[PDB]
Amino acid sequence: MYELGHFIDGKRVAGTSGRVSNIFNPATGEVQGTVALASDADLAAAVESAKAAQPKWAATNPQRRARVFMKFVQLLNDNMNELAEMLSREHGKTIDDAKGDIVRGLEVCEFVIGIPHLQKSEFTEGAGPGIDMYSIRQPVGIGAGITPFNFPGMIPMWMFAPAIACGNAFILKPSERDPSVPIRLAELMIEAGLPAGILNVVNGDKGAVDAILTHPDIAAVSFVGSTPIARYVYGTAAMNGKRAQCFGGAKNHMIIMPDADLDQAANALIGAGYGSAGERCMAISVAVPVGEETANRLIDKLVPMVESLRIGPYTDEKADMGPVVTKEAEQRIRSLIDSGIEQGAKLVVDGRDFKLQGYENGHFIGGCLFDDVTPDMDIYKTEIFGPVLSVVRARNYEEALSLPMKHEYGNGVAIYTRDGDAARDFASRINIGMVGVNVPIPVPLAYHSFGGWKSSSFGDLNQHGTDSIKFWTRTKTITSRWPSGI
């Protein structure tokens, strides 16, 4: 029965705020402890801490900065299990899923070890008569990052690694569903040799977010979450003159061509759709088999795989997928499911009544699969963020491609085929950020960049990779000339 506060200046720290938010264990439904919710006062403190520390960290040379991360990765590996447990205990996802989650953040840390090279600027000589021209990439000062429940390990790291490594000081306002991991991360960071103040964790709600966007000393805000909040966070951030990147929702389609490997496809779909209980910005929502036989045979492969999915709490190491995050979330899922039924879709596998003995209060829904889904339906238009697979049947390639093309969401997409032509055209044309050819969850590695299109992002630079070093950095340009002395 724990109380989590903030982490400001190198210490776990309770707020001055009266307010406190309670953390559930989603597998039992029960309250497990609480999160300090920051007040404007608490937030102002965080910035001050950041302000004081940042000049000197800026002044630490790139190689030294990177060695902090090299120790941080070592530390992370060391705490693989302990970090993975608190994460699974608060979020619901299997231990393996949490480890995967943390491994992915680690990988951006590995990437940022290369900051000395990643941060070099361009030089030119003889731009004029005796005139040299060169740029420098300097810190932006202080930055804030806002994080969702879905990844309370990987997405903070995604942002604070490149921001910190760049010489910035960073403030993380994470989700108050699972706030344990972000705080452990800040602690290990100092244990790795980060100065106090450089990475602060502040917990809270809309108040805290709003305090971040209005706060004059924070230059850059980074957001991942839902599209209506992202649109808000982006806009509000821009009004207060900050730079901003925001990443929102998804309704990700997997097109299956008649010539694809249906077995690989089927297996990919089962993992991509139901893994982590569908609770993912990069999960496959909608399968689009092309043609009647492909759609019949795909279904036939998939329903016994869905029915046999193993559902349990994180303490059950055999479980394929766990409980969803909250009772709010479970019910929203349940509502969508029944509307799928009301609108004429065929629920070929019905996980509505699954009940796990000794865990009745836990937020458990068995996996669900819909067939004959069409674009009018809400199960189509809406991101469900729950264990629900929609099969939409396409007559052909052109018809198939229209579906992801025309959806307001454009985060990830996958086409499954042997035909190079089919793949190149599709991956070429589709108005989506991240395209998987015979790959289901096409999330780029740390040294590339992640970002959707259309309604799934806002701004002009992605997350991690080369783009991130642009976001956390501002460019000085120097024009240099000399008169004769000696």
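Counting begins at 1, following the sequence as shown.
When the two stretches 401-409 and 74-82 are set side by side, the higher mean Cα temperature factor goes to 74-82. Averaged over CA atoms, B-factors in the entry run higher in 84-92 than in the other of 387-395 and 84-92. Between the residues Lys381, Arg297, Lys355, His117, it is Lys355 that shows the highest Cα B-factor in the PDB record. Per the PDB record, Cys281 has a higher Cα B-factor than any other of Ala268, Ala220, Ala163, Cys281. Per the deposited record, the Cα B-factor of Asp421 falls in the middle third when ranked against the other modelled residues of its chain. When the CA B factors of the chain's modelled residues are split into thirds, the value for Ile469 lands in the lowest one. Ranked against the other modelled residues of its chain, the C-alpha B-factor of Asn240 as given in the entry falls in the highest third.
The entry lists a Cα temperature factor for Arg104 that places it in the middle third of the chain's modelled residues. Split the chain's modelled residues into thirds by C-alpha temperature factor. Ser39 is in the highest one.
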